[PDB]
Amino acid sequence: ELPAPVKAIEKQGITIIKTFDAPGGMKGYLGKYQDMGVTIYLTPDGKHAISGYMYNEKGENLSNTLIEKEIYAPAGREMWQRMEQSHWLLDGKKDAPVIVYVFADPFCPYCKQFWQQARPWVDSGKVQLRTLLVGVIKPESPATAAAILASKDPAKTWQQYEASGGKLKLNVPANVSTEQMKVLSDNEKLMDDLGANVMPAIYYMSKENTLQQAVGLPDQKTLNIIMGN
């Protein structure tokens, strides 16, 4: 069973997940208090335990680094991977290092403003926006989205559409093809599974690779963080 010191911390409202190896002849215990990840360290004497953050000589917070790869990083890879597997529209270089997925609607004003805010990073080749289109906001939203997906170079059309503030003229097909309807229905389902209703719904990866989310028009700060700044 658990060492007494660690059991006393467990009584202060913590639930242990597992144990890990800590430096100095110390055992580590990974736990949680409600949503928060917590690291406990049993002292060599085996008689004391420290609930806190371990830092190394370079200043890296090892406790936060770990609490991220073990509690946070994981659950949102199926999601980053489910986005990669959808039929997204490319905006920028395909070799661009920073990847940002965005759920957009043809009739969403903020989708356009965010698109403008990102020009610099996209153009520099540092960031590529991968748009997952949906048609949920207006009556003509599915028709317009389908039309954009019907165009000869969808990605280009979408870029022009956003650049022209939604005033870019389109050719309307007699009907939404089945494959287009599927891309729209599948993207709509993924977006729903993400709890993302207001658009633009922005998804990106942190410096430590955990699934981040931005909804609506980002402010300067959230914008630089999304773009890899």
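We number the residues from 1 along the sequence you see.
Review point. Taking only the CA atoms, which stretch has the higher mean B-factor in the record, 166 to 174 or 43 to 51?
Key: Here the higher of the two C-alpha B-factor means belongs to 166 to 174.
Check your understanding: Mean CA B-factor: is it higher for 109 to 117 or for 74 to 82?
Key -> Comparing 109 to 117 with 74 to 82, the higher mean C-alpha B-factor belongs to 74 to 82.
Practice item. Could you check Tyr29, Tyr33, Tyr161, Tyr204 and tell me which one carries the biggest Cα B-factor in the deposited entry? Key: Comparing C-alpha B-factors across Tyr29, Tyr33, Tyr161, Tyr204, the top value belongs to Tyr33.
Practice item. Sorting the chain's modelled residues by C-alpha B-factor, tell me whether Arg130 ends up in the lowest, middle or highest third. Key: For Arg130, the deposited C-alpha B-factor lands in the lowest third.
Check your understanding: By its CA B factor, does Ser185 count among the lowest, middle or highest third of the modelled residues in the chain?
Key -> Within its chain, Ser185 is a lowest-third residue by C-alpha B-factor, going by the deposited values.
Review point. Taking the C-alpha B-factors as the PDB entry records them, is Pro142 in the lowest, middle or highest third of its chain?
Key: Answer is middle: the recorded C-alpha B-factor places it there.
Point to revise | Modelled-residue ranking by C-alpha temperature factor, third containing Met191 | key: Middle third - that is where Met191 ends up once the chain's C-alpha B-factors are sorted.
Point to revise | Relative C-alpha B-factor of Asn209, binned into the chain's lowest, middle or highest third | key: Top third by C-alpha B-factor.
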